[PDB]
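Working through the structure, step by step
The chain contents come next:
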Amino acid sequence: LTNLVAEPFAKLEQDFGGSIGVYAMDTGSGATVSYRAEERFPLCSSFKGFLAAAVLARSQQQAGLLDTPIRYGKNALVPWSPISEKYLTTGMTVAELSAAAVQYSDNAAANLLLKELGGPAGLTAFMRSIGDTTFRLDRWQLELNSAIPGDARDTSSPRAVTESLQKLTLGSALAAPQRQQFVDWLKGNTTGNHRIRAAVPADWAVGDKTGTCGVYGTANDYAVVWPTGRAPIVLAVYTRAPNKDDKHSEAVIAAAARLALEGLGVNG
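Quick notes on the rules
Residues numbered from 1 in each chain as written, not as in the entry; some residues may be left out. Heavy atoms only, no water. UniProt positions renumbered as here; feature names shortened; annotations may be inferred. Helix = DSSP H or I, 4+ residues; strand = E, 2+ residues; numbered from the N terminus. Rg over C-alpha atoms; globule rule 2.2 N^0.38 Å. Buried < 20%, exposed > 50% of the residue type's maximum accessible area, 1.4 Å probe, protein only. Polar contact = N/O pair within 3.5 Å; in protein donor to acceptor, adjacent residues only side chain to side chain. Contact = heavy atoms within 4.5 Å. 1 Å grid on protein atoms, 1.4 Å probe; cavity = no way out; pocket = protein on both sides within 12 Å on 5 of 7 lines; lining within 4 Å. Points joined across faces, edges and corners; volume = space filled by probe spheres on them. Nonpolar A, V, L, I, M, F, W, Y, C, P; charged D, E, K, R; others polar.

The PDB entry lists the protein under the name Carbapenem-hydrolyzing beta-lactamase KPC, with Klebsiella pneumoniae given as the organism. The record held by UniProt for the protein lists under Function (literature references left out) the comment "Class A beta-lactamase which confers resistance to the beta-lactam antibiotics, including penicillins, cephalosporins and carbapenems. Acts via hydrolysis of the beta-lactam ring. Has penicillin-, cephalosporin- and carbapenem-hydrolyzing activities."

Next comes the structure, spelled out in structure tokens:
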């Protein structure tokens, strides 16, 4: 059921000048599309989706975690903190920080939440707890986006990303209220309109989380997609390229998503 229909991913990544990794799962039939799916790619900001899921998992054991107000100093505001910068003088709840990390990729919010979970090893531990043996977060923010060729720090694979995303959004890794909250945050993402969403018809529901490291042509998106009248699709698209100055491409991510949907026989 893997790659029943071949798609021209090699030509796409060659035109891009780098490597594209794709894993897509039809959760109804179990059919998959897989291209470089077990290779490691930098997570970049895409770790923040799993971070929010880890917070939700903790909230199952800590009632009122999500409503806890968190105050922070100006030293917490790092570049690209578009939401948390507007609440510096007031604080934000854990739930608000989680929403900002997912939907705006807010860096200060993600750092505050990572600290709460016990740092990179704490998030990695959460992923191990759902059965993901590939994911690793190693560094704190900014540093973790170095995207160095061959460096396994702060990486996962498209396959493990998709498998974990399925468990968290559709499976049993979260309790049902927390699962729907995670789905709702992903559905409200604002940063992915030119990536997987650009391949998804407007009348289908979709949630996603993006990442862009800013070097080595490295960017990504993962998503759950609900085509009407059939089971949902879970997919991940990650890119990298050999040279530090190589640029990422949103168009290549959308094109790879289109090829994945075509490979699954999803009319869209």
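Within the protein one finds 8 helices and 9 strands. Computed over the C-alpha atoms, the radius of gyration of the protein is 17 Å, within 12% of the 18 Å expected from 2.2 N^0.38 for a compact globule of 268 residues. Projected onto its principal axes, the C-alpha coordinates of the protein cover approximately 50 × 45 × 35 Å. Expressed as a percentage of the 268 residues in the protein, the buried residues total 56%.

In this section: the side chain of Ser 81. Among the secondary structure elements, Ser 81 is positioned in the loop between β4 (69-70) and β5 (92-93). A polar contact of 2.8 Å, which involves the side chain of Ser 81, links it to the backbone oxygen of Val 78. If near-sequence neighbours (up to four positions away) are discounted, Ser 81 is found in contact with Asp 106, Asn 107 and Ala 108.

Gaps left between atoms are located by rolling a probe of water-molecule size over the structure's atoms. Approximately 440 Å³ is the volume attributed to the largest pocket. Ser 45, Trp 80, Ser 105, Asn 107 and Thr 212 are the residues nearest the centre of the largest pocket, which is lined by 20 residues in total. By residue number, the principal contributor to the lining of the largest pocket is strand β7 (residues 205-212), which donates 3 residues. For the lining of the largest pocket, the class distribution of residues is 7 nonpolar, 10 polar and 3 charged. Here the second largest pocket is characterised by a volume of approximately 190 Å³. Looking at side-chain class alone, the lining of the second largest pocket contains 10 nonpolar, 4 polar and 6 charged residues.

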